[PDB]
Amino acid sequence: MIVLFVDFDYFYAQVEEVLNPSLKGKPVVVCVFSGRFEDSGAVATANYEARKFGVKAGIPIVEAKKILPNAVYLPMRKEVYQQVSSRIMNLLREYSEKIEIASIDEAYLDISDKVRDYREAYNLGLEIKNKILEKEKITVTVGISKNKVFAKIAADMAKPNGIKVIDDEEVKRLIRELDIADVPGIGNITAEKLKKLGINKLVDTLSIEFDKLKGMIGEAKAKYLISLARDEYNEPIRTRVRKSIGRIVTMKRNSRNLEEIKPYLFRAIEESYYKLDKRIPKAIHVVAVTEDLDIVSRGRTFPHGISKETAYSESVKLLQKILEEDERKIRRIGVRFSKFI
DNA sequence: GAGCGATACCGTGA
DNA sequence: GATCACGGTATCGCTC
Ligand SMILES: Nc1ncnc2c1ncn2[C@H]1C[C@H](O)[C@@H](COP(=O)(O)OP(=O)(O)OP(=O)(O)O)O1
Ligand SMILES: [Ca+2]
Ligand SMILES: [Ca+2]
Ligand SMILES: [Ca+2]
């Protein structure tokens, strides 16, 4: 098949540049400001000016301020970015019926029945870049190959404001030459683990024994790497359904008493139901971060949808089951809702 | 032995 | 004891 992947470049920061173009050319750091100390939280996305001096997603805000104290630090306006993204997504819908909206900044197009070769696909990509830039002033990066993974790899390599093809010859080279840590889905935990056997390339997952791999990284990820290494990865471009909506919050002081926790928990439910909008969940989970920072979760699934009032009652029962079963104190508390109608 | 959904930890940034 | 959101996924209980 022929797959076309489009990533929005440094998306949260870019949208802020578009909404305030003065920021263009200066370093921009969109952060989540979270907890107790002022400037606590983490960096969500940096533009390239900021990534040049070390500021990147996931580092603490105060450490970014040590590196670039004069950069523009903005809070996350996730509702804004989602509205922009939903508009770009509707732009991309006019290029095939087979669209997988993978995340707020990414989507996969199956364009097999709309073009016959990579040269036509490529040309379609520039048209998609041009259209998104023209109508929304957002640069994207396109990646094109025989399946979702290598199409995304093509994007990873061409970013930012780029476009790249990976043909079947390149696929074979990359199966031999690319670093597994750079395979999509393979994060740092799993990547490090693959230094057990210093598995550094896809083809290496064929030397090792299947049960060994399985026992280190899990069956799902093992099957995944094998099928790639074998170049018999096919995964249809499907329309995705949201799996989970929720909200966690950080409390001013560690607590263990229901009545001080209840207010944060109810805020989290309120904010969660706001984002749910028309979606009715049948499952709920109370999630709590402990004073030592382990996460602990208890849920219940219902045969029906969960009204807000039931969420309120059940969430308390679930928080109570948390406080009996674990003796530690609680630092953060939230809910997550799942199993939509 | 194995299907099926729930569960709660786990890992990625989809 | 300094991150949130989502959803991945190994396992478990129930069951035939
Ligand atoms: N450690 C983290 N903590 C919080 N948010 C994170 C973290 N890592 C990633 N994110 C979120 C915010 C980023 O905007 C979003 C995209 O992840 P990332 O892989 O950094 O971007 P990307 O592949 O889309 O690259 P680029 O931003 O250059 O387009 O994921
Ligand atoms: Ca991006
Ligand atoms: Ca992305
Ligand atoms: Ca990434």
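Computation of the quantities below employed the complete heavy-atom set of this structure, encompassing side-chain atoms and omitting hydrogens, waters and symmetry-equivalent molecules. Quick note on labels: first sequence line is chain A, next is B, and so on, each numbered from 1.
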Notebook entry, point to check: Which ranges of DNA chain B pair up as stems, where a stem means three or more consecutive Watson-Crick or G-U pairs with both distances under 3.5 Å?
Noted result: B:1-13 with C:4-16
Item checked: Partners meeting side chain to side chain donor-acceptor pair (under 3.5 Å) with A:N123 (sequence neighbours left out) -> none
Item checked: Sugar-phosphate or base contact per nucleotide [nucleotides 1-7 of chain B; S, B, -; heavy atom under 4.0 Å] -> -----SS
Atom-to-atom span, [atom1] of [X] to [atom2] of [N] - whole angstrom:
X	N	atom1	atom2	answer
A:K159	B:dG13	NZ	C1'	12 Å
A:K193	B:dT12	NZ	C1'	13 Å
A:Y224	B:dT12	OH	P	11 Å
A:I295	B:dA8	CD1	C1'	11 Å
A:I189	B:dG13	CD1	P	11 Å
A:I104	B:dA14	CD1	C1'	13 Å

Checklist line | Separation between OG of A:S207 and NZ of A:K212, rounded to the nearest 0.5 Å | finding: 8.5 Å
Checklist line | Atom pair NZ/CD1 of A:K172 and A:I166 - distance to nearest 0.5 Å | finding: 15.0 Å
Next item on the list: Name every residue in residues 318-332 of chain A that has at least one heavy atom under 4.0 Å from any atom of DNA chain C, in order of residue number, or write none if there are no such residues.
Entry: A:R331, A:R332
Checklist line | Residues touching DNA chain C, which here means a heavy atom under 4.0 Å, drawn from residues 245-278 of chain A | finding: A:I245, A:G246, A:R247, A:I248, A:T250, A:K275
Check: Are A:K152 and B:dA14 close enough that a side-chain N or O sits under 4.0 Å from OP1 or OP2?
Finding: yes
Note to self: If you assign A:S40 and A:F340 each to the DNA chain C nucleotide with the nearest heavy atom, which residue ends up on the more 5' nucleotide?
What the structure shows: A:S40
Next item on the list: Using the heavy-atom set of chain A and a strict 4.0 Å cut-off, write down the first and last nucleotide of DNA chain C that makes it in, 5' to 3'.
Entry: C:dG1 to C:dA10
Next item on the list: Mind checking side-chain contact (heavy atoms from CB on, under 4.5 Å) for A:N90 and listing every partner two or more places apart, or none if nothing turns up?
Entry: A:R93
Notebook entry, point to check: In chain order, what residues pass the side-chain contact (heavy atoms from CB on, under 4.5 Å) check against A:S22, with sequence neighbours excluded?
Noted result: A:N20, A:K26
Note to self: Please determine whether the number of non-hydrogen atoms from other residues, nucleotides or ligands lying under 6.0 Å from atom NZ of A:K56 exceeds 12.
What the structure shows: no
Margin query: Going by salt bridge (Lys or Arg N to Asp or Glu O under 4.0 Å), name the residues that satisfy it together with A:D168, two or more places apart in sequence or in a different chain.
Written below: none
Next item on the list: Applying salt bridge (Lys or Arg N to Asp or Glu O under 4.0 Å), name anything that partners A:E136, two or more places apart in sequence or on another chain.
Entry: A:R87
Note to self: Is the positively charged end of A:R119 above the ring of A:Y122, judged by distance under 6.0 angstrom from the centroid and angle within 45° of the axis?
What the structure shows: no
Note to self: Tell me whether A:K65 forms a cation-pi arrangement with A:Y73, defined as NZ or CZ under 6.0 Å from the six-membered ring centre and within 45 degrees of its axis.
What the structure shows: yes
Using atom types as modelled, flag every donor-acceptor pair under 3.5 Å from a side chain in residues 301-313 of chain A to any protein atom, sequence neighbours excluded.
{"from": "A:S307", "atom 1": "OG", "to": "A:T310", "atom 2": "N", "distance (Å)": "3.3"}
{"from": "A:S307", "atom 1": "OG", "to": "A:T310", "atom 2": "OG1", "distance (Å)": "3.4"}
{"from": "A:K308", "atom 1": "NZ", "to": "A:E270", "atom 2": "OE1", "distance (Å)": "3.0"}
{"from": "A:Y312", "atom 1": "OH", "to": "A:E270", "atom 2": "OE2", "distance (Å)": "2.4"}
{"from": "A:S313", "atom 1": "OG", "to": "A:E309", "atom 2": "O", "distance (Å)": "3.0"}

Output side-chain donor-acceptor pairs under 3.5 Å for residues 332-341 of chain A, partner residues at least two apart or in another chain, one line each.
{"from": "A:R332", "atom 1": "NE", "to": "A:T250", "atom 2": "OG1", "distance (Å)": "3.1"}
{"from": "A:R336", "atom 1": "NH1", "to": "A:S244", "atom 2": "OG", "distance (Å)": "2.4"}
{"from": "A:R336", "atom 1": "NH2", "to": "A:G246", "atom 2": "O", "distance (Å)": "3.2"}

